[PDB]
Amino acid sequence: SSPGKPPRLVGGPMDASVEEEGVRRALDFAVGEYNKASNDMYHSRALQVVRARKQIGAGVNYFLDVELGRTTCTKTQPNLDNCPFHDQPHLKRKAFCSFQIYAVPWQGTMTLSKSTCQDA
(Lines give C-alpha, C1' and ligand atoms only; values in the text may rest on other atoms or scores of the structure.)
Protein backbone atom coordinates (compact mmCIF):
# COMPACT_ATOMS: atom_id res chain seq x y z
CA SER A 1 0.00 0.00 0.00
CA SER A 2 1.08 3.56 -0.66
CA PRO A 3 1.47 5.93 2.31
CA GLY A 4 -1.29 8.49 2.88
CA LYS A 5 -3.54 10.55 5.15
CA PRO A 6 -4.53 9.23 8.53
CA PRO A 7 -7.45 6.89 7.76
CA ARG A 8 -10.96 7.87 8.86
CA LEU A 9 -11.61 6.19 12.18
CA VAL A 10 -14.62 6.77 14.24
CA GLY A 11 -15.61 3.98 16.66
CA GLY A 12 -17.40 0.63 16.68
CA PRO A 13 -17.71 -1.18 13.36
CA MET A 14 -17.51 1.08 10.31
CA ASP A 15 -16.95 0.66 6.60
CA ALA A 16 -13.85 2.50 5.33
CA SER A 17 -13.29 3.47 1.72
CA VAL A 18 -10.92 1.60 -0.62
CA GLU A 19 -9.08 4.92 -0.67
CA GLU A 20 -8.22 4.31 2.95
CA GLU A 21 -4.79 3.43 3.67
CA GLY A 22 -6.14 1.58 6.68
CA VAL A 23 -8.06 -0.56 4.16
CA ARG A 24 -5.39 -0.69 1.42
CA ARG A 25 -2.81 -2.17 3.80
CA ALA A 26 -5.26 -4.92 4.74
CA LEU A 27 -6.26 -5.42 1.12
CA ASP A 28 -2.70 -5.97 -0.07
CA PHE A 29 -1.90 -7.96 3.03
CA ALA A 30 -4.88 -10.24 2.43
CA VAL A 31 -3.94 -11.15 -1.18
CA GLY A 32 -0.32 -11.26 -0.29
CA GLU A 33 -1.06 -13.70 2.46
CA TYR A 34 -3.66 -15.64 0.60
CA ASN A 35 -2.84 -15.77 -3.06
CA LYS A 36 0.81 -14.77 -3.22
CA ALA A 37 1.58 -16.84 -0.15
CA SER A 38 0.07 -19.82 -1.95
CA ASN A 39 1.88 -21.33 -4.92
CA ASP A 40 1.03 -19.56 -8.18
CA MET A 41 -0.99 -22.25 -10.01
CA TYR A 42 -3.16 -19.88 -11.99
CA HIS A 43 -2.72 -16.16 -11.53
CA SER A 44 -5.31 -14.91 -9.06
CA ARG A 45 -5.73 -11.60 -7.29
CA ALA A 46 -8.32 -9.74 -5.24
CA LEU A 47 -9.91 -8.43 -8.43
CA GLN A 48 -12.43 -6.22 -6.84
CA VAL A 49 -13.24 -5.44 -3.21
CA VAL A 50 -16.95 -5.72 -2.51
CA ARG A 51 -16.83 -4.65 1.17
CA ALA A 52 -14.14 -3.05 3.34
CA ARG A 53 -14.85 -2.47 6.99
CA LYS A 54 -13.29 -2.65 10.37
CA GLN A 55 -14.26 -2.89 14.02
CA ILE A 56 -12.75 -0.19 16.23
CA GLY A 57 -12.32 -0.92 19.94
CA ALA A 58 -10.10 -2.88 22.34
CA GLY A 59 -9.96 -5.51 19.60
CA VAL A 60 -9.74 -4.41 15.96
CA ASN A 61 -11.21 -6.77 13.38
CA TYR A 62 -10.77 -5.96 9.71
CA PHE A 63 -13.36 -7.55 7.41
CA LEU A 64 -12.58 -7.48 3.69
CA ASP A 65 -14.72 -9.06 1.00
CA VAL A 66 -13.44 -9.79 -2.36
CA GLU A 67 -14.16 -11.21 -5.71
CA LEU A 68 -11.36 -13.50 -6.77
CA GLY A 69 -10.73 -14.54 -10.31
CA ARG A 70 -8.23 -16.07 -12.67
CA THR A 71 -6.60 -12.98 -14.07
CA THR A 72 -6.17 -12.40 -17.80
CA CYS A 73 -2.83 -10.75 -17.02
CA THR A 74 0.06 -11.45 -14.69
CA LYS A 75 1.92 -9.67 -11.91
CA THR A 76 4.53 -8.48 -14.39
CA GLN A 77 2.29 -7.91 -17.32
CA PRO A 78 1.05 -4.40 -18.22
CA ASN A 79 -2.43 -2.84 -17.87
CA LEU A 80 -3.30 -3.86 -14.26
CA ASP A 81 -6.24 -1.43 -14.35
CA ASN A 82 -7.82 -2.98 -17.45
CA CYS A 83 -7.08 -6.67 -16.96
CA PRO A 84 -9.17 -6.93 -13.77
CA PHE A 85 -11.75 -4.56 -15.32
CA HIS A 86 -12.18 -7.31 -17.91
CA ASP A 87 -11.86 -10.10 -15.30
CA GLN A 88 -15.20 -9.15 -13.64
CA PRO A 89 -17.26 -9.79 -16.77
CA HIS A 90 -15.00 -12.83 -17.44
CA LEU A 91 -16.08 -14.36 -14.08
CA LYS A 92 -18.47 -17.07 -15.34
CA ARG A 93 -18.54 -18.21 -11.73
CA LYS A 94 -18.25 -15.20 -9.48
CA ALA A 95 -15.85 -16.33 -6.80
CA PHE A 96 -16.29 -14.52 -3.53
CA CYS A 97 -14.00 -14.63 -0.55
CA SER A 98 -14.03 -13.24 2.96
CA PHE A 99 -10.84 -12.27 4.72
CA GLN A 100 -10.70 -11.31 8.37
CA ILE A 101 -7.56 -9.89 9.89
CA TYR A 102 -7.57 -9.47 13.64
CA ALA A 103 -5.35 -6.59 14.59
CA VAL A 104 -4.18 -6.80 18.10
CA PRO A 105 -4.02 -3.20 18.73
CA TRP A 106 -2.24 -3.52 22.07
CA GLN A 107 0.91 -4.72 20.31
CA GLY A 108 0.50 -2.88 17.00
CA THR A 109 0.42 -6.30 15.38
CA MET A 110 -2.19 -8.07 13.32
CA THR A 111 -2.86 -11.68 12.23
CA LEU A 112 -5.18 -13.21 9.59
CA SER A 113 -8.00 -14.71 11.67
CA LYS A 114 -9.91 -16.14 8.69
CA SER A 115 -9.48 -16.71 4.98
CA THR A 116 -12.37 -18.39 3.17
CA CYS A 117 -12.90 -18.49 -0.59
CA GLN A 118 -14.77 -19.74 -3.65
CA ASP A 119 -13.54 -21.08 -7.03
CA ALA A 120 -13.72 -19.02 -10.27
# chains A, B, ... in the order shown; residues from 1 in each chain; ligands from 1
$ select_by_dssp --residues "chain A" --states "alpha helix (DSSP H)" --output "VMD selection string"
chain A and resid 21 to 34 82 to 90
$ residues_around --residues "residue 95 of chain A" --least-positions-apart "2" --cutoff "9 Å" --atoms "only C-alpha atoms" --output "JSON, numbers by chain"
{"A": [66, 67, 68, 69, 91, 92, 93, 97, 117, 118, 119, 120]}
$ residues_around --residues "segment 98-109 of chain A" --least-positions-apart "6" --cutoff "7 Å" --atoms "only C-alpha atoms" --output "mmCIF file with N, CA and C atoms, in the first residue's frame"
data_model
loop_
_atom_site.group_PDB
_atom_site.id
_atom_site.type_symbol
_atom_site.label_atom_id
_atom_site.label_comp_id
_atom_site.auth_asym_id
_atom_site.auth_seq_id
_atom_site.Cartn_x
_atom_site.Cartn_y
_atom_site.Cartn_z
ATOM 1 N N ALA A 30 -4.034 -9.066 2.647
ATOM 2 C CA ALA A 30 -4.884 -10.244 2.432
ATOM 3 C C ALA A 30 -4.466 -11.095 1.221
ATOM 4 N N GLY A 59 -10.372 -4.512 20.569
ATOM 5 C CA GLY A 59 -9.962 -5.506 19.597
ATOM 6 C C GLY A 59 -10.337 -4.906 18.264
ATOM 7 N N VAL A 60 -9.476 -5.021 17.262
ATOM 8 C CA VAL A 60 -9.739 -4.414 15.961
ATOM 9 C C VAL A 60 -9.826 -5.517 14.924
ATOM 10 N N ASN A 61 -11.002 -5.706 14.354
ATOM 11 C CA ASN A 61 -11.213 -6.773 13.381
ATOM 12 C C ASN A 61 -11.460 -6.159 12.021
ATOM 13 N N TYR A 62 -10.592 -6.445 11.069
ATOM 14 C CA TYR A 62 -10.773 -5.965 9.706
ATOM 15 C C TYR A 62 -11.540 -7.033 8.952
ATOM 16 N N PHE A 63 -12.561 -6.634 8.214
ATOM 17 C CA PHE A 63 -13.365 -7.550 7.412
ATOM 18 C C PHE A 63 -13.317 -7.059 5.971
ATOM 19 N N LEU A 64 -12.727 -7.849 5.093
ATOM 20 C CA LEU A 64 -12.576 -7.480 3.689
ATOM 21 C C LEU A 64 -13.235 -8.548 2.844
ATOM 22 N N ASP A 65 -14.082 -8.131 1.922
ATOM 23 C CA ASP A 65 -14.721 -9.057 0.998
ATOM 24 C C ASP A 65 -14.334 -8.668 -0.374
ATOM 25 N N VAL A 66 -14.078 -9.734 -1.080
ATOM 26 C CA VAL A 66 -13.444 -9.785 -2.362
ATOM 27 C C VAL A 66 -13.870 -10.811 -3.350
ATOM 28 N N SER A 115 -9.553 -16.837 6.419
ATOM 29 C CA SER A 115 -9.482 -16.709 4.975
ATOM 30 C C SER A 115 -10.395 -17.798 4.450
ATOM 31 N N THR A 116 -11.456 -17.414 3.761
ATOM 32 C CA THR A 116 -12.372 -18.390 3.169
ATOM 33 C C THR A 116 -12.610 -17.920 1.750
ATOM 34 N N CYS A 117 -12.807 -18.847 0.821
ATOM 35 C CA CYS A 117 -12.904 -18.495 -0.592
ATOM 36 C C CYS A 117 -13.775 -19.418 -1.426
#
$ residues_around --residues "residue 9 of chain A" --least-positions-apart "5" --cutoff "12 Å" --atoms "only C-alpha atoms" --output "ChimeraX atom specification"
/A:14-17,20-23,53-57,60
$ select_by_dssp --residues "chain A" --states "strand (DSSP E)" --output "ChimeraX atom specification"
/A:12-15,44-56,60-70,95-104,109-116
$ atom_distance --atom1 "atom CA of residue 34 of chain A" --atom2 "atom CA of residue 81 of chain A"
20.8 Å
$ closest_residue --among "A:47, A:40, A:5, A:110" --to "residue 82 of chain A" --atoms "only C-alpha atoms"
A:47
$ closest_residue --among "A:6, A:89, A:12, A:84" --to "residue 44 of chain A" --atoms "only C-alpha atoms"
A:84
$ atom_distance --atom1 "atom CA of residue 41 of chain A" --atom2 "atom CA of residue 26 of chain A"
23.2 Å
$ closest_residue --among "A:88, A:49, A:35, A:58" --to "residue 75 of chain A" --atoms "only C-alpha atoms"
A:35
